[PDB]
Protein chains: 2
Amino acid sequence: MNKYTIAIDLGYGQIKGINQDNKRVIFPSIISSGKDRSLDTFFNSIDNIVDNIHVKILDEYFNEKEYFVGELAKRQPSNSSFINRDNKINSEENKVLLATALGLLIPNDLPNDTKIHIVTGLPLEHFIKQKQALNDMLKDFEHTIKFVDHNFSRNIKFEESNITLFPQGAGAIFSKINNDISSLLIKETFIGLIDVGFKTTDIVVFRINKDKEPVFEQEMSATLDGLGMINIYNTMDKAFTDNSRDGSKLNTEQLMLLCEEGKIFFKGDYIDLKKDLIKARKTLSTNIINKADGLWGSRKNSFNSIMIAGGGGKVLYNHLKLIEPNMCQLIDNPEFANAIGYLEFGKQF
Amino acid sequence: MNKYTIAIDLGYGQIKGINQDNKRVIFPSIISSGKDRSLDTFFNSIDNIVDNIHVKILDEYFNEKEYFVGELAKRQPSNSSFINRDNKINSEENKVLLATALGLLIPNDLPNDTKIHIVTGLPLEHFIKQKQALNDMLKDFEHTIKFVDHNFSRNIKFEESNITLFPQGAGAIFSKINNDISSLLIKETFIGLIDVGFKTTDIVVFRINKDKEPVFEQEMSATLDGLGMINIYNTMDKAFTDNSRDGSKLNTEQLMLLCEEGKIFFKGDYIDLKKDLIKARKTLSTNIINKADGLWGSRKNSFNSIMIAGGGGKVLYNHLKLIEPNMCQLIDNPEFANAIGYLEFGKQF
Ligand SMILES: Nc1ncnc2c1ncn2[C@@H]1O[C@H](COP(=O)(O)OP(=O)(O)O)[C@@H](O)[C@H]1O
Ligand SMILES: Nc1ncnc2c1ncn2[C@@H]1O[C@H](COP(=O)(O)OP(=O)(O)O)[C@@H](O)[C@H]1O
Ligand SMILES: [Mg+2]
Ligand SMILES: [Mg+2]
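Residues numbered from 1 in each chain as written, not as in the entry; some residues may be left out. Chains lettered and ligands numbered in written order. Heavy atoms only, no water.

As summarised from the PDB record, the model derives from cryo-EM at a stated resolution of 4.2 Å.

*Asks:* Please clarify how the layout of surface pockets should be interpreted in this entry.
*Replies:* Here the idea is plain: a probe the size of a water molecule rolls over the atoms and shows the empty space left. Residue and element names in this part refer to chain A. Taken as a whole, the second largest pocket holds about 1,100 Å³ of empty space. In this structure, the second largest pocket is lined by 42 residues; those nearest its centre are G13, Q14, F198, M229 and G311. Secondary-structure elements contributing two or more residues to the lining of the second largest pocket are β2 (14-19), α2 (71-75), β7 (116-122), β11 (190-196), α8 (252-261) and α10 (311-316). In terms of residues, the lining of the second largest pocket owes the most to one element, α8, which gives 5 residues. Looking at side-chain class alone, the lining of the second largest pocket contains 15 nonpolar, 15 polar and 12 charged residues. (1 Å grid on protein atoms, 1.4 Å probe; cavity = no way out; pocket = protein on both sides within 12 Å on 5 of 7 lines; lining within 4 Å. Points joined across faces, edges and corners; volume = space filled by probe spheres on them. Helix = DSSP H or I, 4+ residues; strand = E, 2+ residues; numbered from the N terminus. Nonpolar A, V, L, I, M, F, W, Y, C, P; charged D, E, K, R; others polar.)

*Asks:* What is the right way to look at the domain arrangement of chain A in this model?
*Replies:* Many authors give the size of an interface as the accessible area that is lost as the parts come together. All names here are of chain A. Here chain A is partitioned into domain 1 (4-167) and domain 2 (179-340). Residue-level contacts link 24 residues of domain 1 with 19 residues of domain 2. Taking both sides of the interface into account, the surface hidden between domain 1 and domain 2 amounts to around 1,800 Å²; carbon and sulfur atoms contribute 68%. Considering only the surface of domain 1 that becomes buried against domain 2, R24, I83 and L124 emerge as the three largest contributors, covering 28% of it. Scanning the region where domain 1 abuts domain 2 turns up 0 salt bridges. Within the residue set of the side of domain 1 that touches domain 2, elements represented by two or more residues are β2, β3 (24-28) and α2. Of all the elements, β2 adds the most residues to the side of domain 1 that touches domain 2, at 4 residues. Partitioned by chemical class, the residues of the side of domain 1 that touches domain 2 number 10 nonpolar, 6 polar and 8 charged. (Domains from an automatic or database assignment. Contact = heavy atoms within 4.5 Å. Buried area = accessible area lost by both parts, 1.4 Å probe. Salt bridge = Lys/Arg side-chain N within 4 Å of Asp/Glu carboxyl O.)

*Asks:* Help me understand the packing of helix α7 (residues 230-244) of chain A against helix α9 (residues 274-295) of chain A in this model?
*Replies:* Angle between the axes and distance between the axes are the two parameters that describe a pair of packed helices. Residues and elements named next belong to chain A. Between α7 and α9, whose axes approach to 10 Å, the crossing angle comes to 145 degrees. Of the two possible hands of crossing, α7 and α9 adopt the one that is right-handed. In contact with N231, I232, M236 and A239 of α7, α9 contributes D276, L277, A280, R281 and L284. (Axes fitted to C-alpha atoms, helices over the stretch in contact; angles between N-to-C directions. Left-handed = near helix turned anticlockwise from the far one by under 90°.)

*Asks:* Can you walk me through the site of ligand 2 in this structure?
*Replies:* Residue and element names in this part refer to chain B. Near ligand 2 you find 18 residues, and of these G13, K16, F198, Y233 and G311 are the closest. In the model, an oxygen atom of ligand 2 is placed 3.4 Å from a nitrogen or oxygen of the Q14 main chain. In the environment of ligand 2, an oxygen atom lies 3.0 Å from a nitrogen or oxygen atom belonging to the backbone of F198. Contact with the protein chains hides 88% of the accessible area of ligand 2, taken as 580 Å² for the molecule alone. Secondary structure elements with two or more residues in the shell around ligand 2: β2 (14-19), α8 (252-261) and α10 (311-316). (Near = heavy atom within 4 Å. Polar contact = N/O pair within 3.5 Å; in protein donor to acceptor, adjacent residues only side chain to side chain. Areas by Shrake-Rupley, 256 points an atom, 1.4 Å probe, with all protein chains shown as cover.)

*Asks:* Help me understand the pairing of strand β5 (residues 54-57) of chain B, please; the structure alone is not making it clear to me.
*Replies:* Regular strands place side chains that alternate from one sheet face to the opposite one. All names here are of chain B. Along β5, one buried face is formed by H54 and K56 and the opposite face, lined by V55 and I57, is buried too. Note: β5 against strand β6 (residues 65-69), 4 bridges, orientation antiparallel. What sits directly across from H54, in β6, is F68. Pairing analysis gives 3 bridges linking β5 to strand β8 (residues 142-147), with the strands arranged antiparallel. Residue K56 lies in a different strand from β8, and its bridge partner there is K146. (Buried < 20%, exposed > 50% of the residue type's maximum accessible area, 1.4 Å probe, protein only. Pairing = 2+ DSSP bridges.)

Structure, rendered in structure tokens:
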């Protein structure tokens, strides 16, 4: 019969997912060793399962391990360190996160003969170099998940011809605007997508041909490795210790709490770093202006709409506007641009 | 056995070619340093190889270099500058372009003992002065081409008695109309071909003798050096910067896009120069009227059919009509007049 569709993202910041039925999940990419949650169940009921993902994951040898994963793992003091996390796409940390995003997006009582076409992503520079790693790992993927405290398990095993690879930010403007940008694309124009990710910033462009079809410009588009939201969290971590003059250091929860607001509540008091937050965000925005113009010479004039996406684009939209003011806009769902783009352009097959 | 036939043109605007089997190619005369195309292969398939000519060219020392050549090189921002391109016929830029036109016109699985008679051209004033340059260079020509992304290679090496030189615009009306103009040539008449090329405009005539055979009039025919389509692109480039009043300047892609339409899409807006386009095309047409009458005194009355050809003749046919209205016509394939003329009049041998 027909095979199901689930679009997932493998972003180091936060795993983003959506299914065929437009139910979507989002949670930070943090795991920890799960332990038995029974006492805290009595105090506060788990209304939202996304907040409290305790999970059990089997394998082919049925060697289960518990995992605090996602939002609950951020509350744990022994979690994955997440600021020097492994960059390997075949890591067990990526294995658990991939299982969890599949766990929340398979609805109840699907037919077991009906499989799932899953659509994933790689960074745009790494889509050729690191292709066969995730291509073989998803072939190697054979587990069975178990949700503690909610008592529903899912079987997770994929053959070939179910998995599907598209680059990061590719289908976000290849599809998802293809019905809408027909009035906006004209001829010999350029559209631009700037995904401000956590570790790596994506810059991807497309040329509109004479036949009013998009086509890709690999010499006008690249992935900025080492430039992204992580440079803010790495800088403001140093800015806190220098403001402390004690050697005290925020943990992984306090640090990710910091650069959403800039005002951590530290030792009965707010330690204010609001000046260094606005300063470092312009510092990141400057290193996306000047790197866009490295790929874009006088070609910058020929654009018609620079879209931006990613989680970081939402918090930088005013500062990042000055690449091309009053032309550039914001995509509709800044996190789920890669998700919906993998969904619709994954529905081609 | 029988030796194959390929007719090529060496026009600075766009290389025009045709084979013995009437398969013909056309691409602009732009090269650039080729790089590895693998990521863009995944996005959009190369259906037409003429659009996406990535190529590898060996030599006698097997020193290969990659080349983005033709339409793809126009999309590159580091290409051959093409507005001050070298006029040398023995340049490496001419070497690569000559190899590429031979690459697309040798069909699959020809016998290696069967060679190819290639027919080229020189400008009509330069056919005597610059004869031995291309005559020796094609003797010096020894390479082996490799098409990336399509995986077919061709061996390219020519001895003497395969190469063949005819002037530009010569065989276009010497042959290619010789079967058809029998009803139109009478006696002591003049036929005229005006090739509006990119850099140089060709004016070539023929006298019909008493024996109803064509014969050449070198004092009634010359090549207009410095007059041609390039004077439009050089003028409208100045017209854009003067309309901008910013110092901004179009690149090689935007400039060649301009004077096919006159309306470049510049910084979210159309910068209109439609008035200066119609004005400069009459300015070029005036400098072909007055230069034709420099060679043609009261001899102008004795014509019977002024043909025009070249790429520029197609876009100037209405303005250039006023040399001799309602006598003058347009050749059938305005680009391939030199190509088919080199083909049939190259089939004499
Ligand atoms: N409301 C917010 N306030 C501050 N930062 C945010 C907010 N939402 C998202 N972010 C930042 O955006 C990042 C998420 O980026 P994301 O689009 O998931 O890219 P990736 O695919 O690389 O993980 C987070 O690391 C976070 O720092
Ligand atoms: N559709 C078109 N619109 C505008 N200009 C054109 C068009 N087709 C051809 N041309 C012009 O004609 C030139 C091609 O001339 P061509 O016949 O190749 O002469 P040459 O042998 O000197 O290269 C191009 O440089 C271009 O400017
Ligand atoms: Mg991303
Ligand atoms: Mg010509």
